[PDB]
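A.B. asks: Coordinates in target34.txt, compact mmCIF, N, CA, C and O atoms, are listed below.
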```txt
# COMPACT_ATOMS: atom_id res chain seq x y z
N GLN A 244 -7.54 17.35 -24.70
CA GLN A 244 -7.96 17.95 -23.41
C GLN A 244 -7.74 16.94 -22.27
O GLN A 244 -8.53 16.01 -22.10
N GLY A 245 -6.62 17.11 -21.54
CA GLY A 245 -6.25 16.23 -20.43
C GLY A 245 -4.76 16.27 -20.15
O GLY A 245 -4.05 15.29 -20.40
N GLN A 246 -4.28 17.43 -19.66
CA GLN A 246 -2.87 17.64 -19.28
C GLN A 246 -2.66 17.09 -17.85
O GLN A 246 -2.73 17.84 -16.86
N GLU A 247 -2.47 15.77 -17.76
CA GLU A 247 -2.34 15.05 -16.48
C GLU A 247 -0.86 14.80 -16.16
O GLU A 247 -0.27 13.84 -16.68
N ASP A 248 -0.27 15.69 -15.34
CA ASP A 248 1.12 15.55 -14.84
C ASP A 248 1.39 16.63 -13.79
O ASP A 248 0.67 17.62 -13.70
N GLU A 249 2.46 16.42 -13.01
CA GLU A 249 2.89 17.34 -11.95
C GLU A 249 4.43 17.47 -12.01
O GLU A 249 5.15 16.47 -11.90
N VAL A 250 4.92 18.70 -12.26
CA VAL A 250 6.35 18.99 -12.41
C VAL A 250 7.06 19.03 -11.03
O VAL A 250 7.25 20.09 -10.42
N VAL A 251 7.39 17.83 -10.50
CA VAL A 251 8.11 17.68 -9.22
C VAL A 251 9.63 17.71 -9.51
O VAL A 251 10.36 16.72 -9.34
N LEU A 252 10.07 18.88 -10.00
CA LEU A 252 11.46 19.16 -10.39
C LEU A 252 11.56 20.66 -10.72
O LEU A 252 10.59 21.24 -11.24
N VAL A 253 12.73 21.27 -10.43
CA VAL A 253 12.99 22.72 -10.60
C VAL A 253 12.01 23.53 -9.72
O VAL A 253 10.90 23.87 -10.16
N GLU A 254 12.44 23.76 -8.45
CA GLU A 254 11.62 24.34 -7.36
C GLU A 254 10.57 23.32 -6.86
O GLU A 254 9.98 22.56 -7.64
N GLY A 255 10.38 23.28 -5.53
CA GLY A 255 9.34 22.45 -4.89
C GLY A 255 8.33 23.32 -4.14
O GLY A 255 8.50 23.55 -2.94
N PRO A 256 7.27 23.85 -4.83
CA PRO A 256 6.27 24.76 -4.22
C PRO A 256 5.25 24.02 -3.32
O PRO A 256 5.24 22.77 -3.26
N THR A 257 4.41 24.79 -2.62
CA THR A 257 3.30 24.25 -1.83
C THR A 257 2.18 23.78 -2.78
O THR A 257 1.50 24.61 -3.39
N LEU A 258 2.04 22.46 -2.92
CA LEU A 258 0.98 21.83 -3.72
C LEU A 258 -0.11 21.29 -2.76
O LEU A 258 0.07 20.22 -2.18
N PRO A 259 -1.23 22.06 -2.53
CA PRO A 259 -2.36 21.60 -1.67
C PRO A 259 -3.10 20.40 -2.29
O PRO A 259 -3.69 19.59 -1.57
N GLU A 260 -3.06 20.32 -3.64
CA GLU A 260 -3.58 19.18 -4.39
C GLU A 260 -2.67 17.96 -4.15
O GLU A 260 -1.53 17.90 -4.65
N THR A 261 -3.17 17.02 -3.34
CA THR A 261 -2.53 15.73 -3.12
C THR A 261 -2.67 14.83 -4.37
O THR A 261 -3.57 15.06 -5.20
N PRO A 262 -1.78 13.80 -4.55
CA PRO A 262 -1.94 12.77 -5.62
C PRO A 262 -3.26 11.98 -5.45
O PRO A 262 -3.92 12.07 -4.42
N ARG A 263 -3.64 11.20 -6.47
CA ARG A 263 -4.86 10.39 -6.42
C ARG A 263 -4.56 9.06 -5.71
O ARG A 263 -4.09 8.09 -6.33
N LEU A 264 -4.75 9.07 -4.38
CA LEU A 264 -4.65 7.86 -3.53
C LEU A 264 -5.97 7.07 -3.61
O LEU A 264 -6.94 7.53 -4.21
N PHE A 265 -5.98 5.87 -3.02
CA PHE A 265 -7.18 5.02 -2.91
C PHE A 265 -7.11 4.21 -1.60
O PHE A 265 -6.00 3.96 -1.10
N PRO A 266 -8.27 3.82 -1.00
CA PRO A 266 -8.30 2.92 0.18
C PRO A 266 -7.85 1.48 -0.19
O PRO A 266 -8.66 0.67 -0.68
N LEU A 267 -6.54 1.21 -0.01
CA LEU A 267 -5.95 -0.13 -0.16
C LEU A 267 -6.63 -1.07 0.85
O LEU A 267 -6.70 -0.75 2.04
N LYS A 268 -7.14 -2.20 0.35
CA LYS A 268 -7.84 -3.20 1.17
C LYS A 268 -6.84 -4.26 1.68
O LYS A 268 -6.39 -5.13 0.92
N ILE A 269 -6.48 -4.16 2.96
CA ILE A 269 -5.64 -5.16 3.64
C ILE A 269 -6.55 -6.05 4.51
O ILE A 269 -7.55 -5.56 5.05
N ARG A 270 -6.21 -7.33 4.64
CA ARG A 270 -6.89 -8.25 5.56
C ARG A 270 -5.99 -8.54 6.76
O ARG A 270 -4.87 -9.05 6.61
N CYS A 271 -6.48 -8.16 7.94
CA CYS A 271 -5.86 -8.48 9.23
C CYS A 271 -6.08 -9.98 9.57
O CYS A 271 -6.33 -10.79 8.66
N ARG A 272 -5.99 -10.36 10.87
CA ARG A 272 -6.18 -11.77 11.31
C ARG A 272 -7.63 -12.27 11.05
O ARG A 272 -7.83 -13.46 10.79
N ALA A 273 -8.62 -11.34 11.11
CA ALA A 273 -10.05 -11.68 10.98
C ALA A 273 -10.92 -10.46 10.61
O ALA A 273 -12.14 -10.49 10.81
N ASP A 274 -10.31 -9.43 10.00
CA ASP A 274 -10.99 -8.14 9.73
C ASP A 274 -10.36 -7.44 8.50
O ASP A 274 -9.26 -7.79 8.08
N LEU A 275 -11.09 -6.46 7.91
CA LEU A 275 -10.61 -5.65 6.78
C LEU A 275 -10.27 -4.22 7.22
O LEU A 275 -11.09 -3.56 7.88
N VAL A 276 -9.07 -3.77 6.87
CA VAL A 276 -8.59 -2.39 7.10
C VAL A 276 -8.36 -1.71 5.74
O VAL A 276 -7.86 -2.35 4.81
N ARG A 277 -8.75 -0.43 5.62
CA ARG A 277 -8.47 0.40 4.43
C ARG A 277 -7.58 1.58 4.83
O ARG A 277 -7.89 2.28 5.80
N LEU A 278 -6.48 1.82 4.09
CA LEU A 278 -5.64 3.03 4.29
C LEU A 278 -5.42 3.75 2.94
O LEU A 278 -5.35 3.09 1.90
N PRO A 279 -5.35 5.13 2.93
CA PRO A 279 -5.10 5.90 1.70
C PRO A 279 -3.64 5.74 1.24
O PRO A 279 -2.69 6.11 1.96
N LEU A 280 -3.47 5.17 0.05
CA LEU A 280 -2.16 4.83 -0.52
C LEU A 280 -2.17 5.03 -2.05
O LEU A 280 -3.20 4.87 -2.70
N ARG A 281 -1.00 5.40 -2.59
CA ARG A 281 -0.78 5.58 -4.05
C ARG A 281 -0.42 4.23 -4.69
O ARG A 281 0.18 3.38 -4.04
N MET A 282 -0.73 4.05 -5.99
CA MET A 282 -0.35 2.81 -6.72
C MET A 282 1.19 2.74 -6.87
O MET A 282 1.78 1.65 -6.86
N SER A 283 1.80 3.93 -6.97
CA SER A 283 3.26 4.12 -7.06
C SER A 283 3.95 3.96 -5.68
O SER A 283 5.17 3.78 -5.62
N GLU A 284 3.17 4.07 -4.59
CA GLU A 284 3.65 3.88 -3.21
C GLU A 284 3.96 2.38 -3.01
O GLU A 284 3.11 1.55 -3.33
N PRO A 285 5.19 2.00 -2.51
CA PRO A 285 5.49 0.58 -2.17
C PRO A 285 4.63 0.08 -1.00
O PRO A 285 4.09 0.89 -0.21
N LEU A 286 4.53 -1.26 -0.85
CA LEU A 286 3.72 -1.89 0.21
C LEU A 286 4.25 -1.58 1.61
O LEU A 286 3.55 -1.84 2.57
N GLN A 287 5.46 -0.99 1.71
CA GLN A 287 6.06 -0.57 3.00
C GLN A 287 5.10 0.33 3.82
O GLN A 287 5.16 0.35 5.05
N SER A 288 4.20 1.05 3.10
CA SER A 288 3.11 1.84 3.70
C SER A 288 2.15 0.93 4.51
O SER A 288 1.97 1.14 5.72
N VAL A 289 1.58 -0.10 3.84
CA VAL A 289 0.62 -1.03 4.48
C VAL A 289 1.33 -1.92 5.52
O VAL A 289 0.74 -2.29 6.51
N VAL A 290 2.62 -2.20 5.27
CA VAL A 290 3.48 -3.02 6.14
C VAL A 290 3.67 -2.33 7.51
O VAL A 290 3.44 -2.94 8.55
N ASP A 291 4.10 -1.06 7.45
CA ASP A 291 4.37 -0.22 8.63
C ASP A 291 3.09 -0.03 9.46
O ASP A 291 3.11 -0.13 10.69
N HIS A 292 1.98 0.24 8.76
CA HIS A 292 0.67 0.53 9.37
C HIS A 292 0.10 -0.72 10.07
O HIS A 292 -0.39 -0.63 11.20
N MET A 293 0.17 -1.88 9.38
CA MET A 293 -0.30 -3.17 9.92
C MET A 293 0.59 -3.65 11.07
O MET A 293 0.10 -4.28 11.99
N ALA A 294 1.89 -3.31 11.00
CA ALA A 294 2.87 -3.64 12.06
C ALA A 294 2.52 -2.92 13.36
O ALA A 294 2.53 -3.51 14.44
N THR A 295 2.17 -1.63 13.23
CA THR A 295 1.76 -0.77 14.35
C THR A 295 0.38 -1.23 14.90
O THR A 295 0.11 -1.13 16.10
N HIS A 296 -0.46 -1.76 14.00
CA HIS A 296 -1.81 -2.27 14.32
C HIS A 296 -1.75 -3.61 15.09
O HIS A 296 -2.55 -3.85 16.01
N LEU A 297 -0.81 -4.48 14.70
CA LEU A 297 -0.65 -5.84 15.27
C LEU A 297 0.39 -5.86 16.41
O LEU A 297 0.54 -6.87 17.09
N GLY A 298 1.09 -4.72 16.59
CA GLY A 298 2.09 -4.56 17.67
C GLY A 298 3.41 -5.28 17.39
O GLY A 298 4.18 -5.57 18.31
N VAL A 299 3.67 -5.57 16.10
CA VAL A 299 4.87 -6.31 15.63
C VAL A 299 5.80 -5.38 14.83
O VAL A 299 5.48 -4.21 14.59
N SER A 300 6.95 -5.93 14.40
CA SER A 300 7.91 -5.22 13.55
C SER A 300 7.44 -5.28 12.07
O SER A 300 6.86 -6.30 11.67
N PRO A 301 7.65 -4.19 11.24
CA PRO A 301 7.38 -4.20 9.78
C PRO A 301 8.10 -5.37 9.05
O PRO A 301 7.59 -5.87 8.05
N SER A 302 9.25 -5.81 9.58
CA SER A 302 10.05 -6.91 8.98
C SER A 302 9.28 -8.25 8.99
O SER A 302 9.50 -9.11 8.14
N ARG A 303 8.38 -8.40 9.98
CA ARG A 303 7.60 -9.64 10.19
C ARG A 303 6.37 -9.71 9.27
O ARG A 303 5.84 -10.80 9.02
N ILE A 304 5.94 -8.55 8.74
CA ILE A 304 4.73 -8.45 7.89
C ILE A 304 5.01 -8.96 6.46
O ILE A 304 5.95 -8.50 5.80
N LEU A 305 4.19 -9.92 6.01
CA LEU A 305 4.23 -10.46 4.64
C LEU A 305 2.83 -10.35 4.04
O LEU A 305 1.88 -10.93 4.58
N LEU A 306 2.70 -9.62 2.92
CA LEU A 306 1.42 -9.49 2.20
C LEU A 306 1.27 -10.67 1.24
O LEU A 306 2.22 -11.03 0.56
N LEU A 307 0.07 -11.27 1.23
CA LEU A 307 -0.22 -12.48 0.44
C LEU A 307 -1.59 -12.34 -0.24
O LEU A 307 -2.63 -12.42 0.42
N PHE A 308 -1.60 -12.11 -1.57
CA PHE A 308 -2.84 -12.05 -2.36
C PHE A 308 -3.21 -13.47 -2.81
O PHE A 308 -2.68 -13.98 -3.80
N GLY A 309 -4.09 -14.12 -2.02
CA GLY A 309 -4.56 -15.46 -2.32
C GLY A 309 -3.51 -16.52 -2.03
O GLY A 309 -3.55 -17.16 -0.97
N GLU A 310 -2.56 -16.70 -2.97
CA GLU A 310 -1.49 -17.72 -2.88
C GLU A 310 -0.11 -17.14 -3.29
O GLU A 310 0.90 -17.84 -3.19
N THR A 311 -0.07 -15.88 -3.76
CA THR A 311 1.18 -15.24 -4.23
C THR A 311 1.89 -14.53 -3.07
O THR A 311 1.23 -14.03 -2.14
N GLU A 312 3.23 -14.48 -3.13
CA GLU A 312 4.07 -13.88 -2.10
C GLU A 312 4.47 -12.46 -2.52
O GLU A 312 5.22 -12.28 -3.48
N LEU A 313 3.93 -11.45 -1.82
CA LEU A 313 4.25 -10.03 -2.08
C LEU A 313 5.36 -9.56 -1.12
O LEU A 313 5.69 -10.25 -0.16
N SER A 314 5.94 -8.39 -1.40
CA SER A 314 7.06 -7.83 -0.61
C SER A 314 6.80 -6.33 -0.31
O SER A 314 6.06 -5.69 -1.06
N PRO A 315 7.40 -5.75 0.80
CA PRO A 315 7.25 -4.30 1.14
C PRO A 315 7.74 -3.35 0.02
O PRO A 315 7.28 -2.22 -0.09
N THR A 316 8.69 -3.85 -0.79
CA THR A 316 9.29 -3.09 -1.90
C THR A 316 8.35 -3.07 -3.13
O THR A 316 8.38 -2.11 -3.92
N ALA A 317 7.53 -4.13 -3.28
CA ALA A 317 6.57 -4.28 -4.40
C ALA A 317 5.46 -3.21 -4.33
O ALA A 317 5.02 -2.85 -3.24
N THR A 318 5.01 -2.71 -5.49
CA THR A 318 4.00 -1.64 -5.58
C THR A 318 2.65 -2.19 -6.09
O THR A 318 2.63 -2.98 -7.04
N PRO A 319 1.50 -1.79 -5.45
CA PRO A 319 0.12 -2.11 -5.91
C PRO A 319 -0.15 -1.87 -7.41
O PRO A 319 -1.08 -2.44 -7.96
N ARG A 320 0.66 -0.99 -8.04
CA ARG A 320 0.59 -0.72 -9.48
C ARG A 320 0.87 -2.01 -10.29
O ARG A 320 -0.03 -2.52 -10.98
N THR A 321 2.09 -2.57 -10.13
CA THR A 321 2.51 -3.79 -10.86
C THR A 321 1.72 -5.02 -10.37
O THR A 321 1.47 -5.94 -11.15
N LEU A 322 1.33 -5.00 -9.09
CA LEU A 322 0.59 -6.11 -8.45
C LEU A 322 -0.90 -6.09 -8.83
O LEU A 322 -1.57 -7.10 -8.66
N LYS A 323 -1.39 -4.94 -9.34
CA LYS A 323 -2.81 -4.72 -9.71
C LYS A 323 -3.74 -4.82 -8.45
O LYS A 323 -4.85 -5.34 -8.51
N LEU A 324 -3.26 -4.28 -7.32
CA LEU A 324 -4.05 -4.19 -6.07
C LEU A 324 -5.04 -3.02 -6.15
O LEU A 324 -4.87 -2.10 -6.97
N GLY A 325 -6.06 -3.03 -5.27
CA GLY A 325 -7.14 -2.06 -5.33
C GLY A 325 -7.99 -2.05 -4.07
O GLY A 325 -7.56 -2.52 -3.01
N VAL A 326 -9.20 -1.50 -4.21
CA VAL A 326 -10.18 -1.37 -3.12
C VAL A 326 -10.90 -2.72 -2.86
O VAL A 326 -11.28 -3.01 -1.74
N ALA A 327 -11.07 -3.52 -3.93
CA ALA A 327 -11.70 -4.85 -3.87
C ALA A 327 -10.63 -5.95 -3.82
O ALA A 327 -10.92 -7.09 -3.44
N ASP A 328 -9.40 -5.60 -4.24
CA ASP A 328 -8.27 -6.54 -4.32
C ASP A 328 -7.57 -6.59 -2.95
O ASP A 328 -6.92 -5.61 -2.55
N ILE A 329 -7.74 -7.71 -2.23
CA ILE A 329 -7.41 -7.82 -0.79
C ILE A 329 -6.11 -8.61 -0.57
O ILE A 329 -5.94 -9.68 -1.14
N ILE A 330 -5.22 -8.09 0.30
CA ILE A 330 -3.92 -8.74 0.60
C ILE A 330 -3.81 -9.09 2.10
O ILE A 330 -4.01 -8.24 2.97
N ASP A 331 -3.49 -10.36 2.39
CA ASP A 331 -3.38 -10.89 3.76
C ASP A 331 -2.06 -10.46 4.42
O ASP A 331 -0.98 -10.81 3.96
N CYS A 332 -2.19 -9.67 5.50
CA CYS A 332 -1.06 -9.28 6.35
C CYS A 332 -0.76 -10.40 7.37
O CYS A 332 -1.45 -10.53 8.40
N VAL A 333 0.24 -11.23 7.06
CA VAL A 333 0.62 -12.39 7.87
C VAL A 333 1.96 -12.12 8.58
O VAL A 333 2.95 -11.79 7.92
N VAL A 334 1.98 -12.27 9.91
CA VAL A 334 3.19 -12.10 10.73
C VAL A 334 3.97 -13.43 10.78
O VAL A 334 3.48 -14.41 11.36
N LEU A 335 5.14 -13.46 10.13
CA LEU A 335 6.04 -14.63 10.12
C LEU A 335 7.22 -14.44 11.08
O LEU A 335 7.46 -13.34 11.61
N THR A 336 7.95 -15.55 11.30
CA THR A 336 9.20 -15.57 12.06
C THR A 336 10.37 -15.18 11.13
O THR A 336 11.16 -16.04 10.68
N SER A 337 10.44 -13.88 10.79
CA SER A 337 11.46 -13.33 9.87
C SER A 337 12.84 -13.26 10.57
O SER A 337 13.14 -12.32 11.31
N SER A 338 13.64 -14.32 10.37
CA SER A 338 14.97 -14.48 10.99
C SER A 338 15.94 -15.13 9.98
O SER A 338 16.94 -14.49 9.60
```
Go ahead and express the file in the form of C-alpha cells.

C.D. replies:
Amino acid sequence: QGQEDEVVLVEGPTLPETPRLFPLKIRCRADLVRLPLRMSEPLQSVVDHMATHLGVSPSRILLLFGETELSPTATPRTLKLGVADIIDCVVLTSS
C-alpha cells in the first residue's frame, strides 16, 4: 500500500496536485530566507531568487554549506539540503 509516482509521459493533463516541495533554508548577508523548492530542483531556483533579492546577477551567486562549494546545477537531493540545512548565498566577482 503506497503507489507513489506520477506518469509525466503520454499526454500532459491538468495535475492540481503539485510535487512535494519544502522551504529551502538560504542564508542572506545577515538573515534567513525560505522558498518552496523540490529536492530534484537544481539550486538555480535559490540562485535566481537570491539574485533578485540582492539586486545582482544569478551568475554572481555561490551557495556555500559551511565550507563546501555548491553550484546552481547541483540539487539539494545529492547535497542533502533541507529546512534546517542552511546554505550561504555569497555574491562573488564571477569573471

A.B. asks: Measuring between only N, CA, C and O atoms, which one of A:249, A:295, A:310, A:326 shows the shortest distance to residue 277 (chain A)?

C.D. replies: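 With only N, CA, C and O atoms as the atom set, the closest residue is A:326.
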
A.B. asks: In the coordinates of the file, take the point (-1.5, -10.4, 1.5) and a cut-off of 6 Å; then, counting only N, CA, C and O atoms, name each qualifying protein, DNA or RNA residue as a list in words.

C.D. replies: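 Output: residues 305, 306, 307, 308, 309, 311, 329, 330, 331, 332 and 333 of chain A.
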
A.B. asks: Looking only at the backbone, which of the residues in chain A does DSSP tag as helix (DSSP H, G or I), as a list in words?

C.D. replies: residues 287, 288, 289, 290, 291, 292, 293, 294, 295, 296, 297, 301, 302, 303, 319, 320, 321 and 322 of chain A

A.B. asks: Step one, run DSSP on the backbone; step two, keep only residues of chain A assigned to strand (DSSP E); then write them as a list in words.

C.D. replies: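 So, restricting chain A to strand (DSSP E), we get residues 265, 266, 267, 268, 269, 270, 275, 276, 277, 278, 279, 280, 304, 305, 306, 307, 308, 311, 312, 330, 331, 332, 333 and 334 of chain A.
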
A.B. asks: Find the residue from A:250, A:317, A:256, A:294 that sits nearest to residue 281 (chain A); use only N, CA, C and O atoms when measuring.

C.D. replies: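 Closest residue, counting only N, CA, C and O atoms: A:317.
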
A.B. asks: Give me the residues within 4.5 Å of residue 315 (chain A) as a list in words, counting only N, CA, C and O atoms and dropping any in the same chain fewer than 5 places off.

C.D. replies: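 After dropping sequence-adjacent residues, the list is residues 285, 286 and 287 of chain A.
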
A.B. asks: Padding 5 Å on each side, edges along x, y and z: where is the centre of the box around the listed atoms of region 245-262 of chain A, and how long are its edges in Å to one decimal? Output it as JSON.

C.D. replies:
```
{"center_x": 3.2, "center_y": 18.4, "center_z": -11.6, "size_x": 29.6, "size_y": 22.8, "size_z": 30.0}
```
